[PDB]
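Taking it in order: structure first as structure tokens, then the write-up.
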Amino acid sequence: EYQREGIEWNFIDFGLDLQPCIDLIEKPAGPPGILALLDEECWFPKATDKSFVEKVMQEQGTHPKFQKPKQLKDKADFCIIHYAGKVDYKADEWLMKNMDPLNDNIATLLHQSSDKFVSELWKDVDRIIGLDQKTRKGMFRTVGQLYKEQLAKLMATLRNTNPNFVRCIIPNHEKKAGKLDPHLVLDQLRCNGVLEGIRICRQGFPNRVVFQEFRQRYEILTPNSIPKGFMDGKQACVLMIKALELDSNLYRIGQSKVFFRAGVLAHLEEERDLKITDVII
Amino acid sequence: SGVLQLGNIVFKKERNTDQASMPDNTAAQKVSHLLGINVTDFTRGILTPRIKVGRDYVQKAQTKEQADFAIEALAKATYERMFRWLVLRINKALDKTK
Amino acid sequence: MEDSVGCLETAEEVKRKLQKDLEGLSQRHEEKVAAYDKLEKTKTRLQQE
Amino acid sequence: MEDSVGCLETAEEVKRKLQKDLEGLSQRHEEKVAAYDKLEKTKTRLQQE
Amino acid sequence: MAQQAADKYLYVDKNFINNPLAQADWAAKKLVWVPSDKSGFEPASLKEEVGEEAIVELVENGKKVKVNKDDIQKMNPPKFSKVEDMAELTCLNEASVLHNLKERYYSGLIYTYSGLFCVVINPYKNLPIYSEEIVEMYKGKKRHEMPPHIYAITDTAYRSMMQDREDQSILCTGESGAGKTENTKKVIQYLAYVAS
Ligand SMILES: Nc1ncnc2c1ncn2[C@@H]1O[C@H](COP(=O)(O)OP(=O)(O)O)[C@@H](O)[C@H]1O
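Chains as they are written, first to last, in the entry's author numbering: chain R, 491 to 623, 637 to 784; chain H, 344 to 441; chain A, 1373 to 1421; chain B, 1373 to 1421; chain W, 1 to 196.
Shown next, in the form of structure tokens:
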């Protein structure tokens, strides 16, 4: 937004970017990821657990977010250096969970059960999978692909709104009240980006209002400042900021919005209400 | 209660061939009475799932481990469907005003 | 053969010298990374400060 | 003689690869030194300011 | 009396901070943060530097331990003690943020702002900061008008949605057992009690 609005600002590289791991997981095209490989091996011609693990190790072996489980595979098959920490996964019964096979006979029996509740529960049976030794009206989707479609629809919806993040931290893993673990809290603040999230608000301009919106919402502060008539929206805000005696390092005029530091609008809101206090009363 | 009763069927391994057997079908009868289905058909489907091999129908064989995995998958699907129905009913009750 | 073997000694000796210089030159940029990161860490903290 | 010449070619290829790696590593030190001086130069006026 | 008792776990008495003499004494003492093996970051006084390092003494024990110059972090004056907004800290760093979070948690303040997103810490105990009186108090109050609280964030989001006419999303991120479920519960309760 800063680059689009055209304002004095330098690109700050925070370093927080979990794109590599998200791609290794979900990226279907290019190098087959974990989910892509599991979906490709979802069929049952010759794939198994060991074969799937070998294929994954051969494909996504050089990825930086991929390592072996300790020295030997005693209780895990691979690791994924997530943003929080390293997790030891076990590729046991993964193909079955991805396919989710079900008995067709028992499914049909439950669908036609005498009970009304059981019949309503199994009313939808055209999406059940249960074959043995590619599309099928798009109903042959695995648990991994189904979750990706549900998550994609969710992430696409949250992006259209104004997310109000509420970060939650845990003191310790002992469920003890009043005992704060600094070693555990420090590891969370690093991956959560609490430090990087505060510097962008202080050094940046989290506040920003449109030229037209900034006029009607703050014209009562400096009524006798703009010529009583027609005036450009951009040039009109310049006269208001000059009359308010605001420092040059507290706002940035762009091409369509007027940015502000963290705490400028809070002061104008109080001054605006105090001006109309005699009118509201 | 039916989901809870599912799994208690202690399948036995036949001494002759590798085929599942239900010597004690009390849990099966209880599950059938709870879910509201037949016992003979449920047993025949769990021990001999009727599926076509490409042309005609044939009663495929199932082992002890295969039968246990099928029972577990059926219970998981039943619980998932129950949770989905509950969520749908909650949404309908919450979205009934305007 | 001595001429070819003689040239191999020069190439082998030069290769050994390059290896000794590589490990020595590698430490130049490797050790500089510590000072580079130290200056960057001090500069990053100074920029924030 | 042909086999000995082959060893020289393989040895020369090794020393040649080491020379190419040294040039790349030397460029890193030269680039790091130039970047290191930038941080050192940017820290002088930074501390003064 | 319930509201008066719950106010203890919300507001902070600023009368015990206003002291220019204390700030001057702290500045003259020159204190900084240093790494620790059992407390994240502990205070320490800065002494004469020795090359790329500087010897420091721990305010707790008083042992002269050598610490690298890169691991040392500046300490905030006493004025920034249990601040209401983490974005107002002067010496923003990991040590200062951890110290502020610890002071707010041990004092009965799990909520702490941070620019545009609030931070919460699982108290593992039913606090009295949840009642109808508190919900009514936070009704129609700006973010900088009441102490940090999920009700404040909910009210701010509701006001933004009603003004800008743009949708909102009260997202909650954190490890397993951090308090996301309780935060969502309280947000829904506040929305049902206010937006009725
Ligand atoms: N803000 C809070 N205040 C009091 N207790 C809490 C709070 N957040 C969590 N808890 C306690 O932590 C326990 C586990 O919480 P949990 O449901 O795991 O949270 P989440 O769903 O965010 O992981 C609960 O029994 C609850 O009493």
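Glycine included, each C-beta is placed from N, C-alpha and C at the ideal position.
query, result
"In the DSSP output, which residue or residues are listed as bridge partners for W:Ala54?", "W:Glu49 and W:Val67"
"What alpha helix (DSSP H) runs, 4 residues minimum, are completely inside the region 495-564 of chain R?", "509-516, 524-530 and 539-549"
"Check for me: the beta strand (DSSP E) holding R:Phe568 runs from which residue to which?", "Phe568 to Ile571"
"Taking buried to mean at least 16 other C-beta atoms within 10 Å of its own C-beta, is W:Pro20 buried or exposed?", "exposed"
"Interface residues of chain E around A:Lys1415 at Cβ under 8 Å?", "In the structure shown, chain E cannot be found, because the protein chains are R, H, A, B and W."
"What I want to know is whether the C-beta of W:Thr173 ends up closer than 7 Å to one or more non-hydrogen atoms of ligand 1.", "no"
"Hey, quick one: how far does the alpha helix (DSSP H) through R:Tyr721 stretch, first residue to last?", "Taken as a continuous stretch (DSSP letters only), R:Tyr721 belongs to no alpha helix (DSSP H), as it is neither H nor E."
"Flag R:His686 as yes if its beta-carbon sits less than 8 Å from any beta-carbon of chain W, otherwise no.", "yes"
"With a threshold of 7 Å on Cβ separation, who are the neighbours of B:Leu1411 within its own chain once the five nearest residues in sequence on each side are excluded?", "none"
"Taking CB distances under 8 Å as the criterion, tell me whether R:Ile596 reaches chain W.", "no"
"Any Cβ of chain R within less than 8 Å of the Cβ of W:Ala157?", "yes"
"DSSP state of A:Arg1388, grouped into three classes?", "helix"
"For ligand 1, is there a heavy atom less than 7 Å away from the beta-carbon of W:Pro123?", "yes"
"Take every Cβ of the region 114-123 of chain W, pair it with every Cβ of the region 145-161 of chain W, and state whether three or more of those distances are shorter than 8 Å.", "yes"
"Flag this pair as yes or no: are the beta carbons of H:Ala416 and R:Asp590 separated by less than 8 Å?", "yes"
"Going along the chain, which residues of its own chain have a beta-carbon closer than 8 Å to the beta-carbon of R:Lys613, five neighbours each way excluded?", "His601"
"For H:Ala420, which residues in chain R fall below 7 Å Cβ to Cβ?", "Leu592"
"Between the region 45-57 of chain W and chain R, which residues of the former have CB atoms less than 7 Å from a CB of the latter, in chain order?", "none"
"Find the residues of chain R that neighbour H:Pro366, judging by a C-beta separation of less than 8 Å, and give them in chain order.", "Residues of chain R passing the Cβ test: none, with the nearest at roughly 20 Å."
"Please decide whether R:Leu611 counts as near chain H, where near means a Cβ-Cβ distance under 8 Å.", "yes"
"How long is the line joining the alpha carbons of H:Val382 and H:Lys395, rounded to whole angstroms?", "23 Å"
"Between H:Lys441, H:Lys407, H:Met425 and H:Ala420, which lies nearest to H:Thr360 when the distance is taken from Cα to Cα?", "H:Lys407"
"Cβ of W:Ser176 versus every heavy atom of ligand 1: is any distance shorter than 7 Å?", "yes"
"Find out if the Cβ-Cβ distance for the pair W:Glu57, W:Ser45 is shorter than 8 Å.", "yes"
"Given a cut-off of 8 Å on the beta-carbon distance, is the pair W:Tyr124 and R:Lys678 in contact?", "yes"
"I'd like the list of long-range same chain contacts for R:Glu652, defined as Cβ closer than 8 Å, with 5 residues on each side in sequence excluded.", "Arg644"
"Tell me, which residues are paired with W:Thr112 by DSSP?", "W:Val119"
"Suppose the cutoff is 6 Å on Cβ atoms and the five residues either side in sequence are ignored; what does the same chain contact list for R:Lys576 look like?", "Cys569"
"What does the alpha-carbon distance come out to for the pair R:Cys704 and W:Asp85?", "12 Å"
"Report yes or no: do the region 753-767 of chain R and the region 710-726 of chain R share at least 3 C-beta pairs separated by less than 8 Å?", "yes"
"Taking only beta carbons into account, state which residues of the region 645-672 of chain R come closer than 9 Å to chain W, listed in chain order.", "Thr660, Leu661, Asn663, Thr664, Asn665, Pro666, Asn667, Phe668, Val669, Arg670, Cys671 and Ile672"
"List the residues of chain H whose Cβ lies closer than 7 Å to the Cβ of R:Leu585, in chain order.", "Correct list: empty, because the minimum Cβ distance to chain H is about 12 Å."
"W:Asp85 by DSSP, collapsed to three states: which one?", "strand"
"Quick one: is R:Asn752 near chain W, going by C-beta distance under 8 Å?", "no"
"Select from H:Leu349, H:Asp367, H:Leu378 and H:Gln362 the residue whose C-alpha is nearest the C-alpha of R:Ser604.", "H:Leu378"
"Across which residues does DSSP place H:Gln402 in a beta bridge pair?", "H:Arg393"
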